[PDB]
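Chemist: part one of the complex, left exactly where it sits:
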Amino acid sequence: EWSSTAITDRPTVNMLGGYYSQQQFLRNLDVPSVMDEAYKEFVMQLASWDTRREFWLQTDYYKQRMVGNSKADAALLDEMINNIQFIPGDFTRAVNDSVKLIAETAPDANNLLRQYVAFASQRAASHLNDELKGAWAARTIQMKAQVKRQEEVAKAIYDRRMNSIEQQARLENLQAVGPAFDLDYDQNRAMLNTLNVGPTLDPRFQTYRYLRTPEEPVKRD
Amino acid sequence: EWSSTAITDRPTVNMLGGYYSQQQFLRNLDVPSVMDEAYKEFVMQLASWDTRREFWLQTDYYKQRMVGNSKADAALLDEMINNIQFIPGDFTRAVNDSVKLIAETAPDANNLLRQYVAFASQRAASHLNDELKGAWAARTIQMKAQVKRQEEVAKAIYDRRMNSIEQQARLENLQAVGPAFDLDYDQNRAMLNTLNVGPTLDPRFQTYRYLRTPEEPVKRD
Amino acid sequence: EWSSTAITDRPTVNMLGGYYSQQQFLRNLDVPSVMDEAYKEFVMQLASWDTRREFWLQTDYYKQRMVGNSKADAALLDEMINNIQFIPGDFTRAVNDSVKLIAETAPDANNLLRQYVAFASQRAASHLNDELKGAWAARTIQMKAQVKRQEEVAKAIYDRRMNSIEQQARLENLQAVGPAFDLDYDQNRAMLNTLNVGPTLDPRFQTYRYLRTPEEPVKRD
Amino acid sequence: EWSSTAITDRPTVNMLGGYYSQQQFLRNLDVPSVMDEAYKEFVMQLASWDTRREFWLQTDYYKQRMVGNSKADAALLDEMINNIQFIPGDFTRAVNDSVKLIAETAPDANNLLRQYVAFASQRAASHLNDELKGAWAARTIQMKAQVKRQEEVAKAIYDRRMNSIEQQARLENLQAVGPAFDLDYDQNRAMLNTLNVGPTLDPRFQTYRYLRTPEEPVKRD
Amino acid sequence: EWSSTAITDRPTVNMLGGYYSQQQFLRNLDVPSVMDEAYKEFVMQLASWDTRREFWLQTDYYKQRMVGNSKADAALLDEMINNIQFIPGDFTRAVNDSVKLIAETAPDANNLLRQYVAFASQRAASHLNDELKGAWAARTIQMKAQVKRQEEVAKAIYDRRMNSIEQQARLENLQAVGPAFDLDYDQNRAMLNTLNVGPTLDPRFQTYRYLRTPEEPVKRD
C-alpha cells in the first residue's frame, strides 16, 4: 500500500576508504574503475532474490507478521521479496538505477528501504573484501615463488663461476659474498615485505551513493 | 501555472578554474575530458531528487508556503520536487539537456530556475573537489610507500656492499656516504613534496554553461 | 513575411589569423581540426536562444517595434527569437548547416541575418580566446612547476655529491659550478620563456565561411 | 508437481581457490577471464543431458522409484532428465541463467536442485583441473625441449671454440669449464623445476555463484 | 526546358599538378587522401548557392537577359540559381555525384554546365591553395620559433661551461667556437630554408574528374 524509491550510483573514492588504494595497489602489479567494480557488486546484491529473502527474515517487520503457519509464513516471505523491485538503469536515456520497496505504512516504506540499501551495501563490501584478501594472498604467493626462482638462478650462476675459478684472492672473495643479485631482485624483495604485512580489511565502507534517498511517501500507491 | 526553461551544455576550461589543472596533474601520474566529467556530475545533480528536495527546503519561496502542519508541509515539498523537470538530450537528434521549473508567478519561475541551476552546479563542484581531495590523498600514500620501498632497496644494496668490503679507505668512504640513490628516487621525492602541499580547493567553479538562460515566461501554462 | 537563408561551414586557416598557430602550439605540447573546434563554437552560438535574444535586444529593428508595455514587449521579443531558425546539417546527405531569419521586409531579412551571423561569430571568437588564454595560463603554471621540481632534484643530487666529496680541488669545482642541469631542463627553460610572453588575443577573427550568403529574398514567405 | 528455481552467475576469484593462481601461472608462460571460462564450463554441465542422466542415476530419489524392469526404469529416468530445465540468460536484457527442477514433493524439489547444482559444479571443476593438468604437461614437455636445445646450442659453440683455439691455459680452462650459458637458460631452468613439481589440483572448487538459491516452493505447479 | 548532366568523381594524383607535392611536404612535417580533400572542396563548390550565383553573374547568357531593372534581374538570377541542381551520391549504392543545369537551348545547356564545372573547380583550387599558403606560413613561424629556442638552449649551455672553465687554452678555445649544435638543429635549419622559399601555387589544377561529360541534350525535359 505504500512505497519508497531509491535511485543509486557508484560510490566516491572517499567512501571506499582503505579499500581503494589497496585494490589499486594490486592492479598496478597485475598489469572499469574500482568504484565501478564496487558498484557492480552492490547492484547485484540489491537485485538478488537471496539478498531480499535474507533481509526480510532478519526484519522485525516480517517476524511480527508470522502466524506460525509454515505455509502462510513462506507465502508472506515470498510476497515481501516481490515487494522489493530493482530496475536497471539504461544510460542511453539518462535513466539511472533504482530500487523500490512496498510496505503497509509510509514510515515502514522509508525505514525498510534505507535498511535494505544498507544491508545490500554491507554484503557487497564484505564480499569485495573477501575478494581482496584472496587477491592479496595470491599475489603474495606468486611473488614468493618468483623471488625463490631468482635466488635459484643466482646460486646456479654462482656455482658455475665458483667451479670455474677453482680450476688466490677471488675464490675466498666470491665464497664470502655469495650469489650476485640485481636490482630487480632487491625490488621484488621489498615488495614482498609490504605484501607480507597483509591487507587492512575494514568492513564499514559504502558501496553506492544516493541520487535519490528514500523518504516517507506522501500518498498511497 | 508559470514555467521557465534552461538549456545547458558542458563547461569550458576557464569555467573550471584551479580544478582543471589539479585534475590533469593527477592524471599525469596514473600513467573523456575533464569538462565532460564535470558536466556529467552537473547533469546528475540537476536531475537528482535529493538536489531538488534540498533546493526547495532552502528557499524562501517554499518556506513562506509552509503552514506548520507537518504532513501538509511535506506534501507541498513533494509537489514542488515534481515541479522541476529535467529532460535529457539526445545527440543523434542534436537535442541538448534542458530543465524546466514551475512556480506561481513568472518572476518566481525565472529566479528560482536560476537559483536551482546555480545550486546544482555548486553541489557538483563540491562533489568534484571531494573526489579530487580523496584521489590526491590516495596517490600521496601510494607515492609515500613507493619512496619507502625505494629506501629499503638502497639500504639492502648498501649492506651487501658493506659486508663485501669487510671481507682501507673504501670502507670509511662507504661508511659515511650512506646508500646510493637513483635519479628516480630524487624525482619521486620532489613529486612527494608537491603532493604533500596538497591540492588547491577552489569551491568557485562552474560545472555547466547556458545555451538558454531562464527568463520570465510570457504566458501561463 | 520575408526570410533570408545562410548556409555555413568551417573557417579556412587564414580566417583564424594568429588564433590558429597558437592553438596548434598548445596542442603540440600535450601529446578534430582547430578549424572544426572553431566552427563547433560558432554553430553552438548560432543556435543558442541566448544569442538570438541578445541579438534582437541590441537591434534598432526590435527597438522601433516596442510599445512600452513590458508584457507586449516580451511577447514580441520571444516571437523574434523564434524567427531565427537553425537547422543542423546532415553530412551523410551533403546537407549543410543552415540558418533562416524571418522579418517584415526583404532588405531587413537580409541585413539582419548578415548581422546575426557576424554577431554569433564574434561571440564564438571571444570565447575561443577566453579558452586560449585559460589554456596557455594553465600550461604556463604546469611548466613552471616542472622546472621547479627539476631544480629541486638537481639540488638534492648536488648536496649529496657535495657531502660525498667532503669525506681538495674538486670540492671547490663543485662548489662554484652549482647543480648539474640536463638538456631536458634547458629545453624546458626556453619553452617557459615563450610561454611567459603569453598569447596574442585578436578578437577579430572569423569563425565560419559562407556556402550561402544571405541575399534579399525575391518573394514573401 | 513441485518445482524449485535457481539463478546463477560467474563465480568469483576466491571461489576458484587454487585453480586460479595455477591457470594464471600457465597463461603467463605462453607470452576472456578465468572466471568466465569456469562459468562457461559450469553452464555446459548444468544444461548437459549426460549430467542430468548421471545425476538421477546416483539419486536415492530415482533409485527408490525403480521397479527393476529395465524398460520402465529407462522410461522413468527419461521423465526425470526432462524434469531438469535450463533456461539460458540473455545479456541484451539483463536476464540471468536459471534452472528449474520438478519433483513429487516440495522438500524434494529443493534438496534435489541444490544437489544437482553442486553436482554440475563438481563436474565443471573436475574438467577444468583436467584441462589444467594437460596444458601444464604440454607446457612442461615444451620447456624440456627448449632447455635441451639451448644445451645443444652451447655444446656446438664449445666444440667450435675448442677446435679453433688448438691450431696452454686457455685450452685447459676451456676443457675444465664446459659450455657457457646465458641468463635465459638458468631462468628457463629454474622455471622447469616448478613445472616438474606439477600443479596442485584443488578438487574443492566452486564454479558458479547463486543469485537465487533453491527454496521449497509454496504451492504445486 | 533543356538540360545537361555531368557525373564526377575524385581527381587522380597527376590531376592535382604541383599542389600535391606541396601538401604532402607539409603533411610530412606534423607527424583522407589529398585527392579526397580536394574532391570534397569541389563538391562543396559545385553545390554552393554562392558559387551558382557568382557563376551566373559572370555569364553572357545571364547578362543578355538582364533588363536593367534591379528587382526583375534579381528574380531572374534566382531562377537561374535553382536551374543548377546538385544531386549528391551515395557510396552505399555505388551512385556517384551528378549535377544538372537547365537552360533555354541544348547548346546553352551543354556549354554552361561545362563552364560551371570548370568555375566550381577553379574556385576549389583557389581555396585549396589558400589553405596551403596559410598552413605553410603557420608552419614556418612554428619552425622559426623552434630554431630560435634551439639557440637559446645552446647559449645557456655555452655560458654555463664558460663559467665552469673560468673558475688556459681551453677557455679562449671555447670562446672562438661558440655554442655546440646537434644534428637536429642543422636539419631544422635546412628545412627552414625550404619553408622560407614559399610554396608554389599552381593555379592550373583540376579538382574533380568526369565520369560523364556534359553533352547537348537530344530532347527537352
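Modeler: On my side now, so go ahead. Numbers count the residues shown, from 1 in each chain, chains lettered A, B, ... in the order given.
Chemist: report the buried residues of stretch A:73-83.
Modeler: The neighbour-count check on stretch A:73-83 (16 or more other C-beta atoms under 10 Å in any protein chain shown) flags A:74, A:76, A:77, A:78, A:80, A:81, A:83 as buried. C-beta: built from backbone N, CA, C; applies to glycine.
Chemist: contacting residues around it?
Modeler: By C-beta atoms under 8 Å, 6 or more residues apart in numbering or on different chains, the surrounding residues in contact with stretch A:73-83 are A:49, A:52-53, A:56-57, A:62, A:65-67, A:101-103, D:215-216, D:218.
Chemist: one more time with 7 Å, if that's ok
Modeler: Applying C-beta atoms under 7 Å, 6 or more residues apart in numbering or on different chains, the external contacts of stretch A:73-83 come out as A:49, A:52, A:53, A:56, A:62, A:65, A:66, A:67, A:101, A:102, A:103, D:218.
Chemist: is it fair to say the fourth one lies in a helix?
Modeler: Which is residue A:56. Yes: under DSSP: H, G, I helix; E, B strand; the rest coil, residue A:56 falls within a helix.
Chemist: next up, the contacts around it.
Modeler: Neighbour list for residue A:56: A:62, A:77, A:80, A:81 [criterion: C-beta under 7 Å, 6+ apart].
Chemist: include chain F too:
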Amino acid sequence: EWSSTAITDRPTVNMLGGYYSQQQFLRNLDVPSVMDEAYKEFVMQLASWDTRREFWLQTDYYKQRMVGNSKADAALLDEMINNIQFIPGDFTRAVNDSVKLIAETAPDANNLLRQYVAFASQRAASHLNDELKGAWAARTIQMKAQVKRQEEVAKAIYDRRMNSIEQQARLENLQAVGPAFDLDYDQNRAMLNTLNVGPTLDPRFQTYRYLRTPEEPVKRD
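Modeler: Now chain F, sitting on the chains shown earlier:
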C-alpha cells in the same frame, strides 16, 4: 521408426594426446585454439554426405538390407544417408551442435549413432594428422633453406676476409677455423635437429566430447 541424438562440443586438451603439443610447436614457429580447430574438422566430418555414405557402406545394418539389385540398393543407401541429420548449434541461444540418427529399432539407433560419431572422429583425427605431417614438412624445408642460406653468407664473408688478409698469424688462423657463425645460426641448427626427427602421428586421439551421449530412445519417432 526410432532415433538417437548426440550433442557434442570441443575435445579436452587431454583427448588430443600427442597431437596438441605438436600443433603448438608448429604454431610458435610461423609467428583460435588447437581444440577449436580439431573440433571444426570433426563437425565437418559429422555433417559430410561422404562421411555418412562411407559409414553405412561399412555397416552390417546396411549390408543386411541389400537385395542384390543395383537401383534398389543405391536408393536404400540414399535413404540411410538422409537418416543422419546434423544441426549446427546457435551459441547465442545456448543451443549446441547435435546429430540425430534414424533406424528400425531402438538399440540400432543407439549403437549406430555411437559408431557413427566414432567414425567421424577417426576421420577427423587422420585428416588433422595429414595437415600436421604436411605443415611440418613445409616448416622443415623452409628451415633447411634458411640454414643453407646462412652457410652461404658466412662463406662469402669468410672469402672476403681471406683475400683481404693475404693482400701472418691470422691467415693460417682463419684458414684453420672457417667461416664465422653467430648464435642465430646455431639456434637454427638445433631447431632443425628436432624437425628431422619428424612428428608423431597417433591416429588414436579423440576429436569431440559428448554433452549428450546417444541412448536407446524410450519411444518411436
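Chemist: now with chain F: the buried residues of stretch A:73-83?
Modeler: For stretch A:73-83, the neighbour count (16+ other C-beta under 10 Å) marks A:74, A:76, A:77, A:78, A:80, A:81, A:83 as buried.
Chemist: surely residue A:117 meets residue A:4?
Modeler: No: counting by C-beta atoms under 7 Å, residue A:117 stays clear of residue A:4, with 9.8 Å between them.
Chemist: circling back to that earlier point, of the buried residues of stretch A:73-83, which belong to helices?
Modeler: A:74, A:76, A:77, A:78, A:80, A:81 (DSSP state H).
Chemist: which of those residues lies closest to chain D?
Modeler: Closest approach between those and chain D, by C-beta to the nearest C-beta: residue A:74, at 4.7 Å.
Chemist: how close does that closest one sit to chain F?
Modeler: 32 Å (C-beta to the nearest C-beta, to the nearest Å).
Chemist: ramachandran coordinates for residue A:7?
Modeler: Main-chain dihedrals, residue A:7, degrees, to the nearest 10: phi -130, psi 130.
Chemist: my guess is it contacts residue A:99. True?
Modeler: No: counting by C-beta under 7 Å, residue A:7 sits too far from residue A:99 to count as a contact (8.1 Å).
Chemist: what sits against residue A:162?
Modeler: Contact analysis of residue A:162 by C-beta under 7 Å, 6+ apart lists residue A:174.
Chemist: just say helix, strand or coil for it.
Modeler: Using three-state DSSP, the structure places residue A:162 in helix.
Chemist: drop chain G onto that structure:
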Amino acid sequence: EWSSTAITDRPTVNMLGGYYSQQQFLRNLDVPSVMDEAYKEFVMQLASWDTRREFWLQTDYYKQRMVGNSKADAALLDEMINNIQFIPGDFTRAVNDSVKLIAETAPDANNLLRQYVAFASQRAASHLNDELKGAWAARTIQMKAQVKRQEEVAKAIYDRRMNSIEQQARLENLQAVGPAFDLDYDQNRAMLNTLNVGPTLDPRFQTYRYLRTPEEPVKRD
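Modeler: Putting chain G onto the chains we already have gives this:
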C-alpha cells in the same frame, strides 16, 4: 534485338607486365593490391558514359547508321550508349561484375562487346600510366630536395668544424676531403639515379581478365 554479356575480374600479375614492379617500387618508397587498383580503373572506364560515347563514335557500326540529321544522329548515339549496361558485382553473394551490350545482330553483339571491353581496358592502362608517370615525378622531385637538404646540412657541419679548427695537419685534411656524408645520403643518392632513368610506360597491358567472354547469342532478346 540481340545481346552479349561479359563477366570480368581483376587482371593477373603477368597481364600487368612492366607496370606492376614499378608501381610496387613507388609503393615501397611511400613509407589494396596493384591488380585491384588497376581493375578499379577498368571498372570505372567500363561503366563510364564518356567511355561508351567515345567507343560508339569510333565504330563503323555507328558511323554507318548515321543519316545526316543532327537530331536523329544524336538520338541514335544516345540510344546506343544506353545499350551498354554495366552491373556492379555483389561479392557477398558471389555475383561478379558484368556488362551487357545490345545490337541489331548476333555477330555484332559479340564483336562489339569484345571491342568495347578492349577499348575500356586500353583507356584504363593509359590512365594508370599517366598516374604512374606523375607519381614517379613527384617522387623524383622530393628525393632531389631531400638529397639537397642533406648536402646543405653537411656543409654547415663542415663549415662550423672548419672554423673551430683554425684557432696543422687535420686542417688541410678537412680542406681536401670536404663534407662528411652518411650512408643514408649515399643510399639516397643511388636511389636518385634509378629515379632519373624514369619509368617505362608500355601502354599495352591488360587491366581485367574474363570469367565470361562474349559469345554470339543463340536467340533474340
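Chemist: what about the contacts of stretch A:73-83 again, now that chain G is present?
Modeler: The contact list for stretch A:73-83 (C-beta under 7 Å, 6+ apart) reads A:49, A:52, A:53, A:56, A:62, A:65, A:66, A:67, A:101, A:102, A:103, D:218.
Chemist: what's near enough to touch the third one?
Modeler: Residue A:53 makes contacts with A:77, A:81, as judged by C-beta under 7 Å, 6+ apart.
Chemist: rewinding a little: chain C: which of the contacts of stretch A:73-83 is nearest?
Modeler: Once C-beta to the nearest C-beta is applied, the member of the contacts of stretch A:73-83 that ends up nearest chain C is residue A:101, at 41.3 Å.
Chemist: helix/strand/coil for the closest one?
Modeler: Strictly by three-state DSSP, residue A:101 counts as strand.
Chemist: and it, how many neighbours?
Modeler: Neighbours of residue A:101 under the rule other C-beta atoms under 10 Å in any protein chain shown: 26.
Chemist: what does residue A:116 give?
Modeler: Neighbours around residue A:116, by other C-beta under 10 Å: 23.
Chemist: ditto for residue A:153
Modeler: Residue A:153 has 20 neighbouring residues, counting by other C-beta under 10 Å.
Chemist: roughly how far does it sit from residue D:148?
Modeler: 18 Å (C-beta to C-beta, to the nearest Å).
Chemist: residue A:132 touches residue A:198, doesn't it?
Modeler: No: taking C-beta under 7 Å as the definition, residue A:132 is not a contact partner of residue A:198, at 10.6 Å.
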